[PDB]
$ cat run_27.cif   # mmCIF, C-alpha atoms
data_query
#
loop_
_atom_site.group_PDB
_atom_site.id
_atom_site.type_symbol
_atom_site.label_atom_id
_atom_site.label_comp_id
_atom_site.auth_asym_id
_atom_site.auth_seq_id
_atom_site.Cartn_x
_atom_site.Cartn_y
_atom_site.Cartn_z
ATOM 1 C CA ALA A 1 59.699 67.541 41.651
ATOM 2 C CA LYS A 2 56.403 67.920 39.553
ATOM 3 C CA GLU A 3 55.143 71.552 38.721
ATOM 4 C CA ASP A 4 58.579 73.329 39.262
ATOM 5 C CA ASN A 5 59.705 76.745 37.841
ATOM 6 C CA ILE A 6 62.018 76.511 34.698
ATOM 7 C CA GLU A 7 64.920 78.894 33.778
ATOM 8 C CA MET A 8 64.154 79.763 30.241
ATOM 9 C CA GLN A 9 65.406 83.220 29.342
ATOM 10 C CA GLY A 10 65.560 86.081 26.703
ATOM 11 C CA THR A 11 66.790 89.339 25.031
ATOM 12 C CA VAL A 12 65.948 92.551 27.088
ATOM 13 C CA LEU A 13 63.586 94.567 24.642
ATOM 14 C CA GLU A 14 62.617 97.211 27.335
ATOM 15 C CA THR A 15 64.234 98.082 30.755
ATOM 16 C CA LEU A 16 60.815 98.684 32.440
ATOM 17 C CA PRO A 17 59.885 101.154 35.533
ATOM 18 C CA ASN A 18 62.698 100.819 38.236
ATOM 19 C CA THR A 19 64.982 98.091 36.637
ATOM 20 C CA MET A 20 62.753 95.411 34.928
ATOM 21 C CA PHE A 21 62.946 93.630 31.461
ATOM 22 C CA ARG A 22 60.176 93.407 28.737
ATOM 23 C CA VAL A 23 61.909 90.292 27.330
ATOM 24 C CA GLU A 24 61.572 88.328 24.042
ATOM 25 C CA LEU A 25 61.956 84.683 25.268
ATOM 26 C CA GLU A 26 63.827 81.636 23.792
ATOM 27 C CA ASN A 27 60.214 80.344 22.975
ATOM 28 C CA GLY A 28 59.542 83.520 20.715
ATOM 29 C CA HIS A 29 56.942 85.325 23.020
ATOM 30 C CA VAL A 30 57.156 88.738 24.917
ATOM 31 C CA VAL A 31 57.245 88.460 28.795
ATOM 32 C CA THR A 32 57.374 91.020 31.716
ATOM 33 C CA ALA A 33 60.305 90.249 34.156
ATOM 34 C CA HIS A 34 62.312 91.579 37.164
ATOM 35 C CA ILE A 35 65.787 90.472 38.277
ATOM 36 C CA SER A 36 65.999 88.230 41.523
ATOM 37 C CA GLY A 37 66.112 91.050 44.256
ATOM 38 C CA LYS A 38 69.432 89.911 45.866
ATOM 39 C CA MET A 39 72.094 90.993 43.230
ATOM 40 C CA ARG A 40 70.358 94.422 42.494
ATOM 41 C CA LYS A 41 72.548 96.033 45.268
ATOM 42 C CA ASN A 42 75.864 94.444 44.329
ATOM 43 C CA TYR A 43 74.486 96.243 41.128
ATOM 44 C CA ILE A 44 75.087 93.765 38.301
ATOM 45 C CA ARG A 45 73.995 96.362 35.680
ATOM 46 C CA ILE A 46 72.096 95.713 32.441
ATOM 47 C CA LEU A 47 70.457 97.808 29.622
ATOM 48 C CA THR A 48 67.988 97.516 26.606
ATOM 49 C CA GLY A 49 69.518 94.462 24.768
ATOM 50 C CA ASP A 50 71.554 92.474 27.395
ATOM 51 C CA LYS A 51 71.827 88.697 28.193
ATOM 52 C CA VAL A 52 69.172 88.265 30.875
ATOM 53 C CA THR A 53 67.931 85.115 32.696
ATOM 54 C CA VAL A 54 64.093 84.929 33.028
ATOM 55 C CA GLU A 55 62.754 82.047 35.249
ATOM 56 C CA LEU A 56 58.950 81.411 34.884
ATOM 57 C CA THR A 57 56.137 78.982 35.946
ATOM 58 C CA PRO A 58 54.316 75.934 34.297
ATOM 59 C CA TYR A 59 50.896 77.785 34.480
ATOM 60 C CA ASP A 60 51.667 81.553 33.935
ATOM 61 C CA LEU A 61 53.774 81.844 30.705
ATOM 62 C CA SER A 62 53.291 85.721 30.260
ATOM 63 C CA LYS A 63 55.866 86.620 33.099
ATOM 64 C CA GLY A 64 59.514 85.920 34.263
ATOM 65 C CA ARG A 65 62.646 86.770 36.420
ATOM 66 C CA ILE A 66 66.594 86.932 36.046
ATOM 67 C CA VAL A 67 67.569 84.186 38.589
ATOM 68 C CA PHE A 68 71.353 83.331 38.056
ATOM 69 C CA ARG A 69 73.374 84.535 34.929
ATOM 70 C CA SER A 70 72.833 81.701 32.304
ATOM 71 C CA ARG A 71 72.652 83.389 28.766
#
$ encode --input "run_27.cif" --output "structure tokens"
Amino acid sequence: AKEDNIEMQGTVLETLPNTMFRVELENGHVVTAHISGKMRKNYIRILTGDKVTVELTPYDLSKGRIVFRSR
């Protein structure tokens, strides 16, 4: 409605500790992201350079998360 979270994704540049994504965004900046928890165990597998989603907030632009497969 007003301050909602946007899907606004990237290129995986690192696959981080367990299965996370140090992603270069569509805006040109590096963000830390995880996938959305749910699909991890129907394991929809990805590596260092895959087409990730990365949803983020209005306020905190340094982070993100693979919501639904959009790129």
$ atom_distance --input "run_27.cif" --atom1 "atom CA of residue A:68" --atom2 "atom CA of residue A:10"
13.0 Å
$ closest_atom_pairs --input "run_27.cif" --of "stretch 1-24 of chain A" --to "stretch 54-67 of chain A" --cutoff "10 Å" --atoms "all atoms listed in the file" --output "JSON lines"
{"residue": "A:2", "atom": "CA", "partner": "A:58", "partner_atom": "CA", "distance": 9.8}
{"residue": "A:3", "atom": "CA", "partner": "A:58", "partner_atom": "CA", "distance": 6.3}
{"residue": "A:4", "atom": "CA", "partner": "A:57", "partner_atom": "CA", "distance": 7.0}
{"residue": "A:5", "atom": "CA", "partner": "A:57", "partner_atom": "CA", "distance": 4.6}
{"residue": "A:6", "atom": "CA", "partner": "A:55", "partner_atom": "CA", "distance": 5.6}
{"residue": "A:7", "atom": "CA", "partner": "A:55", "partner_atom": "CA", "distance": 4.1}
{"residue": "A:8", "atom": "CA", "partner": "A:55", "partner_atom": "CA", "distance": 5.7}
{"residue": "A:9", "atom": "CA", "partner": "A:54", "partner_atom": "CA", "distance": 4.3}
{"residue": "A:10", "atom": "CA", "partner": "A:54", "partner_atom": "CA", "distance": 6.6}
{"residue": "A:11", "atom": "CA", "partner": "A:54", "partner_atom": "CA", "distance": 9.5}
{"residue": "A:12", "atom": "CA", "partner": "A:54", "partner_atom": "CA", "distance": 9.8}
{"residue": "A:20", "atom": "CA", "partner": "A:65", "partner_atom": "CA", "distance": 8.8}
{"residue": "A:21", "atom": "CA", "partner": "A:65", "partner_atom": "CA", "distance": 8.5}
{"residue": "A:22", "atom": "CA", "partner": "A:63", "partner_atom": "CA", "distance": 9.1}
{"residue": "A:23", "atom": "CA", "partner": "A:54", "partner_atom": "CA", "distance": 8.1}
{"residue": "A:24", "atom": "CA", "partner": "A:54", "partner_atom": "CA", "distance": 9.9}
$ closest_residue --input "run_27.cif" --among "A:39, A:51, A:69, A:33" --to "residue A:16" --atoms "all atoms listed in the file"
A:33
$ atom_distance --input "run_27.cif" --atom1 "atom CA of residue A:49" --atom2 "atom CA of residue A:32"
14.4 Å
$ closest_residue --input "run_27.cif" --among "A:36, A:70, A:27, A:18" --to "residue A:50" --atoms "all atoms listed in the file"
A:70
$ closest_residue --input "run_27.cif" --among "A:19, A:14, A:46, A:1" --to "residue A:31" --atoms "all atoms listed in the file"
A:14
$ atom_distance --input "run_27.cif" --atom1 "atom CA of residue A:37" --atom2 "atom CA of residue A:52"
14.0 Å
